[PDB]
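One chain is shown next in structure tokens, namely the form deposited without the named molecule.
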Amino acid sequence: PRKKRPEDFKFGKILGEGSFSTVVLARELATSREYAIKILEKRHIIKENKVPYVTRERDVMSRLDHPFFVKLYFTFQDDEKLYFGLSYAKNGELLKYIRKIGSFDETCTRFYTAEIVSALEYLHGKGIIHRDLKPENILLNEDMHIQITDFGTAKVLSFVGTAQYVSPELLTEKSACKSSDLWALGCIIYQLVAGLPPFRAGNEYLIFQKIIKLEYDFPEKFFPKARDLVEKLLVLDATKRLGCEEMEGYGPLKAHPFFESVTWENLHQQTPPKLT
């Protein structure tokens, strides 16, 4: 399949923006297919010593083959830029729905929580750790199933993620592992139910302080079995988190009572509950 060029596309609006990339919507002219093309400036990447992060993202996304992950269709480059052609997830980021509808009911947190848990099992089975799992990195497709993205900063068996989601082992020995993604899972569950993340404060140092002290509280309206799960996830000792190897893996995590009624085997075949 001949390599594609910038001229093969009609480019449109900006979809997203980070410190090193811009994601733009594009229509392939020969097929009228829409893609989310991520553009990176080679000079800026180099001067910031990011080449290893860019090659890792490409290499990881090449290995993923599961419906709960954004897909890499093609790459090319011109003189100044790299181009990564990715899935266009029509409905955008999960963070927008948490803001829009404010807070999920138990049916919806349970379903979306389970899709994220299936995703992490697949990722971790490939020996890959995300290290920056968060609502902004969890997208929704036109049919309202999730697609996880942003793999530049992953570790395939140094880096700290987003303040509100970093685990306590990062704030000490500065190490990360599978248990780290499970800590962020517990944070995202909390945020699904309560509408806000567990550890908030006026600046980043104050957040890091709260995390090591495990200083947070549950609302009274918080679903009980979902509170019990969050408590088995937000644990300071990483080896004691539900779903980690030392706790015997995903078997026990999926068996939790909050997931009582879930069929784990075909989630992306199921119709998602409406958000309200």
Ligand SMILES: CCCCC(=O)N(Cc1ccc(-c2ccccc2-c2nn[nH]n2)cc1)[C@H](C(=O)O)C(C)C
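Quick note: we count residues from 1 along the sequence shown, nothing fancier.
Another form, the form solved in complex with the named molecule, is not on view; read the next lines as being about it.
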Interface membership of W183, the named molecule in the bound PDB entry, 4.5 Å heavy atom rule = no
ask   = Wondering, does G251 line up within 4.5 Å of the named molecule in the bound PDB entry on heavy atoms?
value = no
task = Report whether the minimum heavy atom distance between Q77 and the named molecule in the bound PDB entry is within 4.5 Å.
result = yes
query = Any of the heavy atoms of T55 lying within 4.5 Å of the named molecule in the bound PDB entry?
reply = yes
inquiry  = Counting only non-hydrogen atoms and a 4.5 Å threshold, tell me whether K178, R227 and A238 all contact the named molecule in the bound PDB entry.
reply    = no
ask   = Residues in which of 211 to 219, 38 to 46, 228 to 236, 241 to 249 have heavy atoms within 4.5 Å of the named molecule in the bound PDB entry?
value = 38 to 46
ask   = Of the residues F104, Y112, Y190, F84, which one places a heavy atom within 4.5 Å of the named molecule in the bound PDB entry?
value = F84
Neighbours of the named molecule in the bound PDB entry among 220 to 239 [non-hydrogen atom within 4.5 angstroms] = none
